[PDB]
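Q: Questions regarding the structure given below will be posed in turn.
Using ideal geometry, Cβ is built from the backbone for each residue, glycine included, and neighbour counts are taken over all protein chains shown. All of the numbers you see were taken from the coordinates with simple rules; none came from a lab.
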Amino acid sequence: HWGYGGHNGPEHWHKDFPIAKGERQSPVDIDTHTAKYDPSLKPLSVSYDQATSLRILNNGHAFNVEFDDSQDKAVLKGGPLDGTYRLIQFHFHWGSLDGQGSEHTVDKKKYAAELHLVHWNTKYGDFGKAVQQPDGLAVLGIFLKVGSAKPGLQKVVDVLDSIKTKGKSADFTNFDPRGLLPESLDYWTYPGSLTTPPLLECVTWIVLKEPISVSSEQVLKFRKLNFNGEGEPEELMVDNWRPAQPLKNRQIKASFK
Ligand SMILES: [Zn+2]
């Protein structure tokens, strides 16, 4: 029953999911002056040329674009990672207004939205086994700011009318997630968690420094989605973000000087 409503939002999650008060929770504020440049970090390798998108789903919390993850098609490697991580889905978090929406913050700056590309470690065989391990997942986070349109986002925006409510899905083949990346792959990294219940502490976060630009119209169309199911009282799908959580005994590392 968790959500982002007036009585089931992030501040209530800990009652069903006590790990919400744990030691490695996400997101966090990235204090750029305390993050350490780590010259041992490698460039990120994002290999999406063979990615196979399948479907887009409104799950009641966000929409997920799902991929075929039964072979090494779309993988993330390098950076802080050991081994190979396969893309399973991406989704976004966004606000009701342009001044909030992101989950991670940068020196307390909130962006309008955040993209998460979720990948699982192939040495565990499946996503459900991977989430039980401290190196199971790698999530690439990309901030969105409102300005110029992102051409490679428009196919996502145009299908949202067809998945307005919880439990609706649409065929979403042939989408190229390379079109959602910024120019630079400089990043920050730290060990954390899923940002939705069950909030499992299985994620190596890789948060890009350079935001992508989207238009005001593109984000406006995200905000016309619904959290509810068909025929239920309309609840616009906005402010589906968890606020920043305590960093505790963790180090944020930067890939760049
Ligand atoms: Zn997310």
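Q: Please name all residue pairs, on different chains or six or more residues apart, with Cβ atoms under 8 Å, provided the first residue is in the range 110-123 and is over 20 Å from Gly136 (Cβ atoms) and away from the ligand (no atom under 12 Å from the Cβ) and the second residue is of a type in the set (D, E, K, R) and part of a strand (DSSP E or B).
A: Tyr111/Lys145; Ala112/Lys145
Q: Next up: So which residues in the range 11-28 are surrounded by fewer than 18 Cβ atoms within 10 Å (Cβ to Cβ) and out of contact with any helix residue (DSSP H, G or I) (no Cβ under 6 Å at 6 or more places or on another chain), if there are any at all? Show your work before the answer.
A: Within the range 11-28, the subset surrounded by fewer than 18 Cβ atoms within 10 Å (Cβ to Cβ) is 11-12, 14-19, 21-23.
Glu11, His12, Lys15, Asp16, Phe17, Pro18, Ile19, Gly22, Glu23, listed by residue number.
Q: Return the total of residues in the range 70-99 being part of a loop (DSSP other than H, G, I, E, B) and either of a type in the set (D, E, K, R) or within 15 Å of the ligand (Cβ to nearest atom) (or both).
A: Residues of the range 70-99 that are part of a loop (DSSP other than H, G, I, E, B), as a first pass: 70-74, 79-84, 95-99.
Next, only the ones that are either of a type in the set (D, E, K, R) or within 15 Å of the ligand (Cβ to nearest atom) (or both) stay: 72-73, 82, 95, 98.
Selection size over the range 70-99: 5.
Q: Another question, then. Being surrounded by fewer than 18 Cβ atoms within 10 Å (Cβ to Cβ) and within 17 Å of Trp94 (Cα to Cα): is that true of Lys129 here? Before you say what the answer is, go through the steps one by one.
A: On the way: surrounded by fewer than 18 Cβ atoms within 10 Å (Cβ to Cβ): yes; within 17 Å of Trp94 (Cα to Cα): no.
It is false that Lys129 is surrounded by fewer than 18 Cβ atoms within 10 Å (Cβ to Cβ) and within 17 Å of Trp94 (Cα to Cα).
Q: Still on this structure, I have one more. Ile206 - would you say it is aliphatic (A, V, I, L, M), out of contact with any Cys (no Cβ under 9 Å at 6 or more places or on another chain) and under 26 Å from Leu57 (Cβ atoms)?
A: Details: aliphatic (A, V, I, L, M): yes; out of contact with any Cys (no Cβ under 9 Å at 6 or more places or on another chain): yes; under 26 Å from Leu57 (Cβ atoms): yes.
Criteria met by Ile206.
Q: Here are some residues: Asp171, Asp158. Which one is free of Cβ contacts under 8 Å to residues at least 40 places away in the same chain, more than 23 Å from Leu76 (Cα to Cα) and over 15 Å from the mean Cα position of the chain (by Cα)? Steps first, please.
A: Working: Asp171 fails: free of Cβ contacts under 8 Å to residues at least 40 places away in the same chain.
Going through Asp171, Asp158 in turn, just one is free of Cβ contacts under 8 Å to residues at least 40 places away in the same chain, more than 23 Å from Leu76 (Cα to Cα) and over 15 Å from the mean Cα position of the chain (by Cα): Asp158.
Q: For the list (1) buried (at least 18 other Cβ atoms within 10 Å of the Cβ); (2) within 16 Å of the ligand (Cβ to nearest atom), I need the number of the one condition that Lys166 fails.
A: (2)
Q: Can I ask one more? Would you check which residues across the range 43-102 are in contact with a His (Cβ under 8 Å, 6 or more places away or on another chain), in contact (Cβ under 8 Å) with a residue 40 or more places away in the chain and either surrounded by fewer than 20 Cβ atoms within 10 Å (Cβ to Cβ) or closer than 19 Å to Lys164 by Cβ (or both) and list them?
A: Selection gives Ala62, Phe63, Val65, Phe92, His93.
Q: I'd like to check something: does the range 200-223 contain any residue that is closer than 17 Å to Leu117 by Cα, basic (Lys, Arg) and in a loop (DSSP other than H, G, I, E, B)?
A: Scanning the range 200-223, I find at least one residue that is closer than 17 Å to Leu117 by Cα, basic (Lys, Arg) and in a loop (DSSP other than H, G, I, E, B), so the answer is yes.
Q: If a residue has to be more than 16 Å from the ligand (Cβ to nearest atom) and under 17 Å from the mean Cα position of the chain (by Cα) to count, how many in the range 137-151 make the cut?
A: Total satisfying the criteria: 1.
Q: While we're on this one: Determine, yes or no, whether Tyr111 is farther than 21 Å from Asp69 by Cα and surrounded by 15 or more Cβ atoms within 10 Å (Cβ to Cβ). Don't jump to the end; show me each part of the working.
A: Values: farther than 21 Å from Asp69 by Cα: yes; surrounded by 15 or more Cβ atoms within 10 Å (Cβ to Cβ): yes.
Considered against the rule, which asks whether it is farther than 21 Å from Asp69 by Cα and surrounded by 15 or more Cβ atoms within 10 Å (Cβ to Cβ), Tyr111 comes out as yes.
Q: Here's another thing I want to ask about it. Report yes if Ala130 is more than 27 Å from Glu183 (Cα to Cα) and touching a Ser or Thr at 6+ places or on another chain (Cβ under 9 Å), otherwise no. Break it down stepwise before answering.
A: Numbers: more than 27 Å from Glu183 (Cα to Cα): yes; touching a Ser or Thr at 6+ places or on another chain (Cβ under 9 Å): yes.
For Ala130, the condition - more than 27 Å from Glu183 (Cα to Cα) and touching a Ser or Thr at 6+ places or on another chain (Cβ under 9 Å) - is met.
Q: Another question about this same structure. Please specify each residue of the range 169-199 satisfying the condition of being away from the ligand (no atom under 16 Å from the Cβ), outside any loop (DSSP other than H, G, I, E, B) and closer than 18 Å to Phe92 by Cα.
A: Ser169, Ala170, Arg178, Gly179
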